[PDB]
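You are given structure tokens for the same protein chain in two forms, set apart as structure 1 and structure 2.
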Structure 1
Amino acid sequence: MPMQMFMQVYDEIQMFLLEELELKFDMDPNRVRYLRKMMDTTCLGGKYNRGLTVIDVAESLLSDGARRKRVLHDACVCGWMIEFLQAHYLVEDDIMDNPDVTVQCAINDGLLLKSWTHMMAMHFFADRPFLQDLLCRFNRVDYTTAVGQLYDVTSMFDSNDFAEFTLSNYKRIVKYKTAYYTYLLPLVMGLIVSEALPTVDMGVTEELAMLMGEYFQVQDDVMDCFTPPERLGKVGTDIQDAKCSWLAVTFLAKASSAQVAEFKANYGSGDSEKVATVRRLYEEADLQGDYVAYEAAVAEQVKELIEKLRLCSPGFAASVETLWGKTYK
């Protein structure tokens, strides 16, 4: 039922958006069909982890028949707002590595996907008292993500270098770039639609979102480097891109002067042998052993904070538990 409901609401949102363009924005059929296809290509095909989390939080916060169906429908629209926001970031990422009409159309896609999050909210929640708070929290999270993208993209530089290759800075990147929109926003949106936002300790929730985000990114960084492309589903480029990865920051705290010198001379290069030298350094430093322990300690902290949350918000803690299970898998 969650996925079937989420897909039914997608059809409803899509039809509203496309009919609105046709009827109110003077759009010709050819462009309407082009936007239908673009929306499908960018918004469908994923696991819908962010979107489905909104639904799971709302269902749990049942602790009137008209109120239930409304809360679940609202959870679905909120879920598609995040899925469209994710679709917008991925398009922006695709421009970041690609009279060129394809580049013009990609920038346009980026702008429409973001505008669509506002359009679907302004319509489906038009009479809801939470509309203003929802829009403000969503916009603030969107800004946070762009800020996180700045921290990430400039980690190996000085915007106006391994100085920012620290665990505390790695955590700042993860929090802003990933954790706020991937873990915190779905949880918060599920709380907003349920009208149960002040009934939860936001501090413990924020802390949980940051911890789950960190667990996910450390695993993502390790997989980027060691999981082969056929198993990973993409080509891992963190070494070549000189990313501030969990592997790089952990390696620098335990490598010798000569090993650090060897790491510095081989990091951030496309050359196959330099990338392999970095992989060799990570392996020889027993980073895979340190990976297991780091993740286990984060897992212990997550498991503990859910209990503190369950003391005042029991239903919410079970939805945070399922969100965690999706990450820990």
Structure 2
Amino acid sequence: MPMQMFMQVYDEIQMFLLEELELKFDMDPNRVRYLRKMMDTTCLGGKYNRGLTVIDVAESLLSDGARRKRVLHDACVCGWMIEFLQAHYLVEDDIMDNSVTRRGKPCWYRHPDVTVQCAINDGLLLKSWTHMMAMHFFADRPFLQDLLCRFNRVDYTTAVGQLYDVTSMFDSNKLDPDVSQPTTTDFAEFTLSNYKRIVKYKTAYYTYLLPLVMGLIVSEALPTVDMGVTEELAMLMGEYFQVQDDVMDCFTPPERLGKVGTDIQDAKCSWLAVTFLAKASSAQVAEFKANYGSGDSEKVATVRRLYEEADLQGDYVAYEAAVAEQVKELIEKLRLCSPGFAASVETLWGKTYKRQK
């Protein structure tokens, strides 16, 4: 049922958006068709965990069936706002990361009939749609300003995180727009401290915090929860989520992952890289440095081999157990004053812990 209602609201959203373009933007049928395909390709096909979380949180906290109908419809719209914001980030990210596939299909910019220049702008259209749907459904809601204030702040935080992500292989000391420099050679910025910052801002806020907050807002329950503990939870689960993403990038097969990994080739400051460099022997580190950040098949294979030799999967399972311990504690802390909200956080945790995605 939650999935059923979520998909029905997608239809309403898509119909509103596409029918407007025809009538208000002088758009021809061919370009309306193009944008319908863009929307469908970029926003559908994932698990909708962010979207579905908003619904779960909203319904969990409202406790007269008219108000339930309304809150649930508002939660569906908020959920699609987050899914569209994500779709926006993934279109741009794939171009930025030179990725090949996503969800088992070509990246948007890699479709045979999409130009990179169009794809950049298509990503922008996706973000605009979040604002368009918000105004269409919420123009008369008293929570609109607070909703969008928070939504926009998380959008901002994500872009700040993406900056951390894309500048992480560069000695930050040598960062100057008017100069230029190659990939790091000592990898001295590949610290856990730096990793934690990247991951908090690029992923945790929009993936974990935002769904929770929007759910709280449409159920008009925000002030009822300890926001400090909630944020702690969100950051911890979001860090772990990105750690899983990084591990899967190297170790999960494309048929199950849906995407071809690029972290090695792009010289990303991944969890694998930072953890490997902190533990690996001198010879291992030297071979890593000589092979990392190259598209060369065998250099990538060398790095994959080194990660395998360093038993990084091992370290992950241990990181995983420590995270799970802290999650339980914080959920129990939240349950003290907000048992309903804590139950929804537990479900979000259940969708995350040991995910095979």
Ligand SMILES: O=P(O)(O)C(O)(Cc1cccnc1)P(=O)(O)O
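Throughout, residue numbering runs from 1 along the sequence of structure 1. By rigid core we mean the largest C-alpha set that fits within 1.5 Å across both forms.
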Name the structure that matches the description of the form deposited without this ligand.
1
Answer yes if the CA of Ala258 moves 2 Å or more between structures 1 and 2 after aligning the rigid core, and no otherwise.
yes
Compare the position of the CA of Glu300 between structures 1 and 2 after a rigid core fit and state whether the shift reaches 2 Å.
no
Do you see a C-alpha shift of 2 Å or more at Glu321 between structures 1 and 2, with the core held fixed?
no
Please report, in Å, how much the Cα atom of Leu44 moves between structures 1 and 2 when the rigid core is superposed.
1.8
Can you read me the CA shift for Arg33 between structures 1 and 2, rigid core superposed, in Å?
3.8
